[PDB]
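Residue numbers (the authors' numbering), protein chains in the order written: chain K, 40 to 70; chain J, 25 to 51; chain S, 156 to 493; chain N, 3 to 275; chain T, 59 to 69, 109 to 350.
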Amino acid sequence: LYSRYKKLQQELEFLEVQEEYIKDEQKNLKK
Amino acid sequence: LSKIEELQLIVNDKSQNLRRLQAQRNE
Amino acid sequence: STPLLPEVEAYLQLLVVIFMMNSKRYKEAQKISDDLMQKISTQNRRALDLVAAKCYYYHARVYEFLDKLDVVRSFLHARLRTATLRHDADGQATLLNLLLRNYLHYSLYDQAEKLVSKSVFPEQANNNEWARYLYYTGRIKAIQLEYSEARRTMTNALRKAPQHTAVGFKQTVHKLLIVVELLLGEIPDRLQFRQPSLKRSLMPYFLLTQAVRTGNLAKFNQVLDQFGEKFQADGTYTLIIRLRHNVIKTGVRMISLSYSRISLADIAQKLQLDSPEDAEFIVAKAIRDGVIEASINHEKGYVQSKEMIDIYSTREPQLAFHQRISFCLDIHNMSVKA
Amino acid sequence: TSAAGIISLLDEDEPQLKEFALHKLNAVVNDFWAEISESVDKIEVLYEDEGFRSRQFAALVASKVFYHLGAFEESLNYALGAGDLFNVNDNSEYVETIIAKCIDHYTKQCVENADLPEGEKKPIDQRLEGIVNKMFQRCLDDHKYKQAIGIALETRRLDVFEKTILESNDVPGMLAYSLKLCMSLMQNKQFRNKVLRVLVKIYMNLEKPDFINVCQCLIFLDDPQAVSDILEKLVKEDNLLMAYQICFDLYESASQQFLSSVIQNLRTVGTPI
Amino acid sequence: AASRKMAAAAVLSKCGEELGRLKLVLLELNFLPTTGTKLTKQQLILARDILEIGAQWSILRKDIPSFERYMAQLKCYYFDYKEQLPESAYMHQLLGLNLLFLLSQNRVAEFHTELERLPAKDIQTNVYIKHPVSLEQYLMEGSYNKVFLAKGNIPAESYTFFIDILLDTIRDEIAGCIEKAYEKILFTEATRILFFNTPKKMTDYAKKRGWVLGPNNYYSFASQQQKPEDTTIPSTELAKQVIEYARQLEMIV
């Protein structure tokens with residue numbers, strides 16, 4: 040099985056975009 | 025065969041970080 | 156997950172039962188284990204939630220006494236491959252601990268160097284989950300003569316593990332721990348030592364430690380002759396030889412007085428008890444070394460040395476403050492982590 | 003036992019001796035590897051030398067030890083030199099890992115290659131390309147279409163893609179899949195449009211992929227000429243129905259400018275019939 | 059075949114040639130790595146004999162690079178990792194000769210790895226092993242006198258080759274002591290201490306080191322600190338304190 044592979048990739052990218060934003064949010068809130 | 029599986033592991037792992045890190049933000 | 160767990164557990168129960176109910180010796184139950192071990196082989200990547208060490212484990216412990224069941228290596232070596240490294244890591248890590256033991260007992264610690272190099276490769280586990288790893292790891296380093304490193308790992312081993320099977324495990328670690336003090340040449344207080352291990356067992360180590368603290372060779376030889384057995388039992392023999400050197404080394408150190416001249420003759424009288432008349436040669440090595448330092452004239456029959464009143468007036472406390480702050484600081488960061 | 007006695011025989015210079023030792027060594031790799039890993043470097047000196055003829059055999063062995071060490075990439079490099087002691091369909095984990103990784107190497111190159119003329123880049127490995135040719139054939143024997151198109155898109159090579167498309171009735175299902183994928187996976191234009199363009203060439207050879215599909219590609223690519231030409235043959239053949247299907251599509255989707263060029267060509271030719 | 063004929067010739110130039118021909122014969126045999134620490138009788142036994150002779154003659158030719166290949170090869174016949182059962186009279190001698198060689202190279206670790214390899218008290222007890230083990234103890238201590246000896250089983254064979262290497266190390270260690278200890282001494286005292294008979298070689302070494310001599314030997318030393326840099330001379334501290342304070346507040350460095 041190797042058809043699957045693109046489908047999984049979609050999930051991964053989404054998360055990295057979301058993930059970074061959270062750090063940023065923490066800083067802003069402090070102030 | 026191994027490629028789809030390896031790809032599959034990394035997503036599992038990232039999500040547990042994100043949940044945690046997220047949980048600190050709401051609080 | 157829900158169906159998987161009863162089937163394995165039945166197998167697991169099967170194994171408990173066969174020991175001295177379908178055996179009478181620890182080499183007859185084995186025949187039964189081997190056919191059952193097939194099951195583990197069969198499912199590859201259809202699982203990762205398993206325990207599969209036990210069968211091989213029962214077989215394996217017996218080889219450690221001094222018996223011949225060296226076949227088992229071949230078997231563990233295959234398993235490290237079956238788990239990719241990138242797949243089924245936590246179970247692979249447990250296996251690596253059992254292989255490392257087998258090797259440690261008998262010959263070539265060198266194959267462990269390599270095992271360690273493997274150990275630090277991408278894992279989804281941690282090698283500090285079972286302290287036993289540290290214990291094995293410590294002996295390796297001990298041989299190589301990093302007394303400090305072995306100390307750290309052993310002490311971390313003692314944390315967060317004994318309060319149950321404190322019985323056997325604390326005794327093995329504890330015996331090595333004492334030896335490492337002797338090897339390092341810096342030996343702590345006699346009060347402390349009592350409470351670790353079983354008190355009966357504590358006694359041969361204590362006699363040895365006391366002799367080394369007095370720093371007199373003759374007593375060290377007499378006790379050692381009695382206790383051939385411990386070193387033999389343990390499977391670390393090399394220690395017996397190594398300790399001999401240490402007494403003499405403590406003895407010169409012990410005898411540090413004060414004055415710009417100490418007579419050479421004086422040092423030689425104390426020294427007479429340690430060694431027949433190989434005294435000056437030893438002393439020379441010691442001074443040269445930089446552990447102590449001095450000037451000797453055999454011509455005027457005096458040793459001249461440096462005086463110190465200037466402690467706490469140079470960097471030696473500076474290093475200390477830096478090292479001490481650091482310990483407190485890691486836990487202070489850590490409390491916050493929660 | 004110690005590996006040491008055997009390993010030493012290779013350090014000695016006498017080519018018969020080496021070759022004798024070498025036969026022992028290839029068998030014993032799995033049991034000994036840990037000890038062998040220190041000695042790898044000398045083994046390599048012998049492989050580099052052309053004053054020793056068993057260069058292909060040596061490569062194969064060295065590589066196995068790097069797999070057991072965990073450096074796949076390095077193992078591959080020696081492995082391409084082994085050449086003909088590389089074999090497909092042996093049904094091993096060793097083999098599977100490396101063929102997989104090869105697709106990845108080709109991928110690593112394609113990015114770079116895109117910014118330069120497209121097909122292949124100036125530095126290429128002929129040996130690496132060959133493993134990939136073999137992989138295709140492997141997969142063709144199974145006769146799976148869903149697998150077939152996945153690899154072709156993914157390895158980003160047009161030439162593979164073309165070969166794959168066979169048969170008639172399965173092909174409208176397959177093309178619908180490829181179309182969604184190329185859009186949804188690629189937000190990279192250069193590549194993405196190229197595949198649609200290759201696909202057009204594919205379309206004409208059938209009686210249809212779908213009459214609507216033929217229109218849609220025109221709207222994406224925006225080629226006013228292309229519509230004109232397709233339309234014009236329809237007038238002659240006297241396919242009223244085919245012709246009407248075109249016109250509702252383009253009207254709805256497209257812009258005023260696009261439309262103007264297309265009417266100009268139509269209006270010269272006559273009323274569509 | 060060759061082995062018996064080889065033994066007769068030695069009772109040495111001609112032997113060294115015969116080794117190369119002997120080697121050829123080992124290549125036909127397929128049990129060159131195979132061992133087990135059991136007697137499979139003229140499989141393992143035949144291979145064993147051929148290796149021992151070549152090893153014993155490597156020593157007499159005094160060719161050390163070949164010695165190591167033979168020793169590594171011979172070693173697995175003796176133990177696998179452990180277990181002994183097809184022994185030799187020669188098995189002692191060679192193990193002892195290797196322990197000594199291992200000494201001259203300056204590898205303490207190789208001396209220990211061996212102890213882990215071959216355990217028990219049979220190891221220490223036998224006379225043949227005892228010459229290396231006693232000498233190893235003496236080396237550590239810095240007891241130069243204990244070291245100097247010429248009797249044992251081991252002094253007979255190849256220890257002659259080793260003695261020079263061993264002395265050089267001790268003499269370097271004694272020169273470094275004598276400069277620190279003594280800022281002046283008489284020449285004659287120095288000649289005794291070095292335990293070389295002739296004054297002349299002892300003069301040769303002194304010029305080599307580059308010392309001024311007289312009827313006395315001259316030496317001078319003395320050091321300074323808390324003026325050349327330290328972590329307690331402040332410039333170097335300032336750089337060090339930046340990291341400490343940076344950790345403290347978060348940075349992190």
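All C-beta atoms, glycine included, are put in the ideal place defined by N, C-alpha and C.
Which of helix, strand or coil DSSP assigns to residue i
i                      : result
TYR316 of chain T      : coil
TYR108 of chain N      : helix
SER41 of chain N       : helix
residue 495 of chain S : Past the edges of chain S, shown from 156 to 493, lies residue 495 of chain S, and the structure says nothing about it.
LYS273 of chain S      : helix
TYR256 of chain T      : helix
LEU71 of chain N       : helix
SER186 of chain N      : helix
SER460 of chain S      : strand
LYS385 of chain S      : helix
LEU177 of chain N      : helix
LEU263 of chain T      : helix
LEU346 of chain T      : coil
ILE442 of chain S      : helix
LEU24 of chain N       : helix
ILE282 of chain T      : strand
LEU118 of chain N      : coil
When the options are compared against residue i, the one with the closest alpha-carbon
i                      : options                                : result
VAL367 of chain S      : S:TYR258, S:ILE173, S:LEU379           : S:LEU379
residue 514 of chain S : S:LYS315, S:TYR290, S:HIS319, S:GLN168 : Residue 514 of chain S is absent from the model: chain S starts at 156 and stops at 493.
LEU261 of chain N      : N:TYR246, N:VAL229, N:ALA60, N:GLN149  : N:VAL229
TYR174 of chain T      : T:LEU335, T:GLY249, T:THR285, T:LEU136 : T:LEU136
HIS209 of chain T      : S:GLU268, S:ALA267, S:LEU263, S:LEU270 : S:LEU263
residue 126 of chain S : S:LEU338, S:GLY340, S:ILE333, S:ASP344 : Residue coverage of chain S in this structure runs from 156 to 493, which leaves residue 126 of chain S outside it and unanswerable.
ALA5 of chain N        : N:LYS20, N:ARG199, N:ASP33             : N:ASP33
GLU270 of chain T      : S:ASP444, S:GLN478, S:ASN177           : S:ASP444
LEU419 of chain S      : S:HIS453, S:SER413, S:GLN478, S:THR369 : S:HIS453
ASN127 of chain T      : T:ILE142, T:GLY117, T:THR134, T:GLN190 : T:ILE142
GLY239 of chain T      : S:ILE403, S:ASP190, S:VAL328, S:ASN199 : S:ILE403
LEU263 of chain T      : T:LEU148, T:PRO183, T:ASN203           : T:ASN203
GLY83 of chain N       : N:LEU130, N:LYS20, N:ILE105            : N:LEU130
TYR360 of chain S      : S:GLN387, S:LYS330, S:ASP389, S:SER411 : S:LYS330
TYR44 of chain K       : N:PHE193, N:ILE153, N:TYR205           : N:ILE153
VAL271 of chain S      : N:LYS124, N:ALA36, N:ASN79             : N:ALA36
Counted within 10 angstroms of its Cβ, other Cβ atoms place residue i as buried (16 or more) or exposed
i                 : result
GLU284 of chain S : exposed
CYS483 of chain S : exposed
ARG256 of chain S : buried
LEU250 of chain S : buried
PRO211 of chain N : buried
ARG159 of chain N : buried
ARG294 of chain S : buried
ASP429 of chain S : buried
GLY151 of chain T : buried
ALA238 of chain S : buried
Scan the stretch 29-44 of chain J for residues whose Cβ lies nearer than 9 angstroms to a Cβ of chain S and list them as they occur along the chain. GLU29, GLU30, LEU33, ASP37
For the stretch 151-162 of chain N, which residues have a beta carbon sitting closer than 9 angstroms to at least one beta carbon of chain K? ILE151, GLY152, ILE153, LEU155, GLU156
List in chain order: all unbroken beta strand (DSSP E) runs of 3+ residues lying wholly within the stretch 392-422 of chain S. 416-418
Please give the ranges of any beta strand (DSSP E) in the stretch 250-304 of chain S, keeping only runs that are unbroken, at least 3 residues long and fully inside the region. none
Return the residues of the stretch 49-62 of chain K that lie within a Cβ-Cβ distance of less than 9 angstroms from chain J, sorted by chain order. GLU50, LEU51, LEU54, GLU55, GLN57, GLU58, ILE61, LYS62
May I have a chain-ordered list of the alpha helix (DSSP H) segments no shorter than 4 residues that lie completely inside the stretch 204-268 of chain N? 213-223, 226-239, 242-255
Pull out every residue of the stretch 414-443 of chain S whose Cβ sits closer than 7 angstroms to any Cβ of chain T, in chain order. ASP433, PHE436, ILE437, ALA439, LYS440, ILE442, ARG443
Against chain J: residues of the stretch 295-312 of chain S by CB proximity under 9 angstroms: none
Curious, which full-length beta strand (DSSP E) runs of at least 3 residues does the stretch 312-336 of chain S contain? none
Scan the stretch 119-165 of chain T and note each continuous alpha helix (DSSP H) run of 4 residues or more that stays entirely inside, going in chain order. 141-158
Threshold first: 4 residues or longer. Then list the alpha helix (DSSP H) segments lying entirely within the stretch 174-210 of chain S, N to C. 185-191, 193-197
Contact set between the stretch 3-36 of chain N and chain S, restricted to residues whose Cβ is under 9 angstroms from the partner: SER4, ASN32, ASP33, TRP35, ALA36
Which runs of the alpha helix (DSSP H) spanning at least 4 residues fall entirely within the stretch 330-373 of chain S, listed in chain order? 345-348, 354-369
Members of the stretch 158-187 of chain N near chain K, C-beta cut-off 9 angstroms: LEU183, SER186, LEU187
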